[PDB]
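Residues per chain, in single letters:
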Amino acid sequence: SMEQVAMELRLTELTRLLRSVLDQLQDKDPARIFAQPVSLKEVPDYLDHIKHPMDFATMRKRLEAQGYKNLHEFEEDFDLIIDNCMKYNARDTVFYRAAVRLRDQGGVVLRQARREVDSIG
């Protein structure tokens, strides 16, 4: 149907906007602490602690399958990255501190992304 195609074009356009959001968020992690999933070879107990692991590569795979239907879904995944790190790691670690910084810096990017998604429909 033409309606199905128009909906598909909206999803494609959201995907393009989310890709730019994702790149901007990931620049706020220059140490690449959150680039890849936590290794279960190197942290074998990780899943006893963290029930829903997340990282920027896993988000990028979802994104390219047009797997985010809306900004809310994308933000949920970004929040997992931060929230998981702040539970597993103590306050006085480079990991926790990197999460705090990513959160604070990402807020700015997410604030405007929300206005753009609302604005462009």
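Residues numbered from 1 in each chain as written, not as in the entry; some residues may be left out. Heavy atoms only, no water. Residues with missing side-chain atoms left out of burial classes, pairs and counts.

As documented in the archive entry, the model was determined using X-ray crystallography at 1.9500 Å resolution.

A. Highlighting the environment of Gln4. As for its position among the elements, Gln4 is in helix α1 (residues 2-27). Overall, the relative accessible area of 47% leaves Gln4 in the partly exposed class. Spatially, the C-alpha atoms of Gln4 and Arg60 are 25 Å apart, while their sequence positions differ by 56 residues. (Helix = DSSP H or I, 4+ residues; strand = E, 2+ residues; numbered from the N terminus. Buried < 20%, exposed > 50% of the residue type's maximum accessible area, 1.4 Å probe, protein only.)

B. Seen up close, the environment of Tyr46. Along the chain, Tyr46 falls in helix α2 (residues 46-49). Linking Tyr46 and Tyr88, residues 42 residues apart in sequence, is a C-alpha distance of 8.3 Å. Setting aside its immediate chain neighbours within four residues, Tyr46 contacts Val38, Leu40, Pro53, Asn84 and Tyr88. (Contact = heavy atoms within 4.5 Å.)

C. Molecular detail of the nonpolar core. Counting 26 residues, the largest nonpolar core has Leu25, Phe34, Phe56, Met59, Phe74 and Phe78 as its most contacted members. Put simply, the parts of the chain that give this core at least two residues each are α1, α3 (56-64), α4 (71-88) and α5 (94-120). Ignoring sequence-local partners within four residues, the contact set of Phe78 consists of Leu25, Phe56, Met59, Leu102, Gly106 and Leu110. (Core = buried A, V, L, I, M, F, W, Y, C linked by side-chain atoms within 4.5 Å.)

D. Up close: unusual backbone geometry. Located in the positive-phi region is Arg32, a residue other than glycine, with phi close to 60 degrees. Its place among the elements puts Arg32 in the loop between α1 and α2. Judged by its relative accessible area of 52%, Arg32 falls in the exposed class. In the Ramachandran plot, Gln66 falls in the positive-phi region, its phi being about 45 degrees despite a non-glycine side chain. Along the chain, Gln66 turns up in the loop between α3 and α4. The class for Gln66 is partly exposed, based on a relative accessible area of 30%.

E. Representation of the pattern of salt bridges within the structure. Taken as a whole, this structure holds 6 salt bridges when the rule is applied. With a closest N to O distance of 2.9 Å, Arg60 and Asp23 form a salt bridge. Within this pair, whereas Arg60 is found in helix α3, its partner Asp23 is found in helix α1, the two being separated by 37 residues in sequence. In this structure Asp23 comes out as partly exposed when scored by relative accessible area, which is 36%. Residues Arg114 and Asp118 are paired through a salt bridge, measuring 2.9 Å at the closest nitrogen-oxygen approach. (Salt bridge = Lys/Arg side-chain N within 4 Å of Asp/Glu carboxyl O.)

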